[PDB]
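to kick things off, part of the complex as it is:
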Amino acid sequence: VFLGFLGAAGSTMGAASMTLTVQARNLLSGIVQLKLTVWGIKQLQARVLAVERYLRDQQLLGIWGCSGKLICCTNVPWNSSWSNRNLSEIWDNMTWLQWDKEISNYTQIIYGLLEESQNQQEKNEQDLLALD
């Protein structure tokens, strides 16, 4: 069922995952459509910042070997120190906003391993499987 932009924002993370694309589209949006003038360089600046805003994180997903995004798995195990809750305590009983409230503390820390571990090791390995 089509809910609308951010229509699942007020639901559990499990439920919300159903309709990530409805949001995804408008993360970059597009369209929009005497010189200078007020707004003359503001629509300019804003529309630029939108593009940068998008790609800055998209590239990270490019690095984190997935690309086929919205959702993908890794080979990095979850450290229990990063909010030790059960799946039903998390996915079936918590919104994404509530999630960030806690996990945001380890953002860069988790990014470390995502930015690396697998990306490093998945490769070489393959290069070696190509030996024969």
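Ah, there it is. Residues are numbered from 1 along each chain as shown, chains lettered A, B, ... in the order given.

and residue A:16, how many neighbours?
By other CB atoms under 10 Å, 19 other residues sit near residue A:16. (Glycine included, C-beta is placed from N, CA and C.)

what strand or helix carries it?
Element membership of residue A:16, judged by DSSP states H and E, is helix A:13-16.

packing partners for that helix?
With contacts defined as 3 or more CB pairs under 8 Å, 6 or more residues apart in numbering; DSSP states H and E, helix A:13-16 has these neighbours: helix A:96-103.

that older thread, in the helix holding residue A:16, what counts as buried?
Residues of helix A:13-16 classed as buried by neighbour count (16 or more other CB atoms under 10 Å): A:13, A:16.

centre of the chain to that helix, how far?
Offset of helix A:13-16 from its chain centre (CA atoms, centre = their mean, to the nearest Å): 15 Å.

okay, buried residues for the helix or strand just after it please.
Next helix or strand after helix A:13-16 toward the C-terminus (DSSP H and E): helix A:20-28. Across helix A:20-28, burial judged by 16+ other CB under 10 Å covers residue A:23.

any residues touching the helix or strand following helix A:20-28, and which ones?
On the C-terminal side of helix A:20-28, the closest following helix or strand by DSSP H and E is helix A:42-63. Outside helix A:42-63, the residues that touch it by CB atoms under 8 Å, 6 or more residues apart in numbering are A:27, A:28, A:29, A:32, A:67, A:69, A:111, A:115, A:119.

distance check, residue A:105 against residue A:116.
20 Å (CB to CB, to the nearest Å).

whoops, I mixed them up, residue A:92
Using CB to CB, one gets 31 Å for the distance from residue A:92 to residue A:116.

go ahead and add chain B:
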Amino acid sequence: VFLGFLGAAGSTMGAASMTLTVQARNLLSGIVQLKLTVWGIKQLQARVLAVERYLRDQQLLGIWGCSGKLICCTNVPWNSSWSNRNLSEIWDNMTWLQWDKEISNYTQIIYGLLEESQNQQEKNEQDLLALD
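Alright, chain B goes in next:
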């Protein structure tokens, strides 16, 4: 054989598909290379609009799980109401311009299922194949 930019424009859709890359390159092109001044913000605006113009549709191909574009298949069946012709009546006897002349009527309609169906279902499923 190298034809040139849009060199296959005047051929059947089957034939034209041979050299989609020759076109692809220049869809974004690149290069190009007293303040303000006429042209001062026009080359600016234009070069920006080129980037947006490109990515706006590229993201759609990102959503439509392919990425390795120019051509890819889906798991969405073709509805016969969308111009019921045979393959030889289409691919071996029609240009891309002639094609759009008809199919353009159902553009957003087809996009609906492309934007969704598979993208939704292909996933979850996988998540379930990962159970073991």
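
so, the contacts of helix A:42-63 revisited with chain B in the model?
A:27-29, A:32, A:67, A:69, A:111, A:115, A:119, B:44-45, B:48, B:51-52, B:55 (CB atoms under 8 Å, 6 or more residues apart in numbering or on different chains).

enumerate every residue touching residue A:38.
Under the criterion of CB under 8 Å, 6+ apart, residue A:38 has no contact partners.

report the contact partners of the residue in chain A positioned nearest to chain B.
Scanning chain A for the residue nearest chain B gives residue A:30, at 4.0 Å (criterion: CB to the nearest CB). The contact partners of residue A:30, taken as CB under 8 Å, 6+ apart, are B:52, B:55, B:56, B:59.

buried ones among those?
Neighbour-count burial within the contacts of residue A:30 applies to B:52, B:55, B:59; the criterion is 16 or more other CB atoms under 10 Å in any protein chain shown.

could you tell me how many residues sit around the residue nearest to residue A:20 when sequence neighbours are not counted?
In space, and not counting its chain neighbours, residue A:20 is closest to residue A:70: 4.7 Å by CB to CB, 6 or more residues apart in numbering or on different chains. Residue A:70 has 15 neighbours, counted by other CB atoms under 10 Å in any protein chain shown.

residues in contact with residue A:70?
A:20, A:21, A:24, B:123.

and the contacts of the helix holding residue A:16?
A:8, A:9, A:90, A:91, A:92, A:94, A:95, A:96, A:99.

let's go with 7 Å and repeat that
Contact with helix A:13-16 is made by A:8, A:91, A:92, A:94, A:95, A:96, A:99, as judged by CB atoms under 7 Å, 6 or more residues apart in numbering or on different chains.

again, but for stretch A:119-132
By CB under 7 Å, 6+ apart, stretch A:119-132 touches A:63, A:64, A:65.

now residue A:36: phi and psi?
phi 50, psi -110 (degrees, to the nearest 10).

sequence below should go in as chain C:
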Amino acid sequence: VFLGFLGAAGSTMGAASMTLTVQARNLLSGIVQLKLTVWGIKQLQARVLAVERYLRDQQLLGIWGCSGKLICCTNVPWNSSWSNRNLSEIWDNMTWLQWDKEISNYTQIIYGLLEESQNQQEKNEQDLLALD
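So, slotting chain C in with the rest:
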């Protein structure tokens, strides 16, 4: 071991390949953060040129069926006329700068086959494997 931006620049191509991502991140960088004014359209222009600079080559990697970049293989064989050296004479005894010094002579020439051969043939073929 984290070296830093271009930290492996002064090493063999084999060694340098270890930490390509450390460089990759800052190839686009991001962040950065009376009208006009000096710098008023310079930060503008520069930040734009960064985006273009990036994507212009990224699209090529999009065309060259890899996407999962930093490293990927092809089905194009290496022509011996393109600097005939042994692997130990190349990978274990040469920096990337030294490499370009020679191979730069055949850049566009090699791009020809990369831009094409495989991209053309890998496909059709698949279309035919989809027959059943």
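
take the buried residues of helix A:20-28 again, chain C included.
For helix A:20-28, by 16+ other CB under 10 Å, it's A:22, A:23, A:28.

er, stretch A:84-97 actually
Within stretch A:84-97, the residues that count as buried by 16+ other CB under 10 Å are A:90, A:94, A:95.

next one: stretch A:66-81
With burial defined by 16+ other CB under 10 Å, the residues of stretch A:66-81 counted as buried are A:66, A:67, A:68, A:69.

excluding chain neighbours, what is closest to the first one?
Distances taken as CB to CB, 6+ apart place residue A:72 nearest to residue A:66, at 3.7 Å, with adjacent residues excluded.

look up how far residue B:33 lies from the one you found.
Residue A:72 is 38 Å from residue B:33, by CB to CB.

now do residue A:74
Note on residue A:74: its distance to residue B:33, by CB to CB, is 41 Å.

same thing with residue A:33?
Residue A:33 is 27 Å from residue B:33, by CB to CB.

same thing with residue A:96?
For residue A:96, the distance to residue B:33 (CB to CB) stands at 44 Å.

closest one to chain C out of the buried residues of stretch A:66-81, please.
residue A:67 (6.0 Å).

my guess is that closest one contacts residue C:62, does it?
No: Residue A:67 lies out of contact with residue C:62 (CB atoms under 7 Å); the separation is 10.5 Å.

using the three-state scheme, assign residue A:85.
coil (DSSP: H, G, I helix; E, B strand; the rest coil).

separation between it and residue A:102?
Counting by CB to CB, the gap from residue A:85 to residue A:102 is 9 Å.

around chain C, pick out the residues from chain A.
A:36, A:51, A:52, A:56, A:59, A:63, A:65, A:67, A:115, A:119, A:123, A:130 (CB under 7 Å from any CB of the partner chain).
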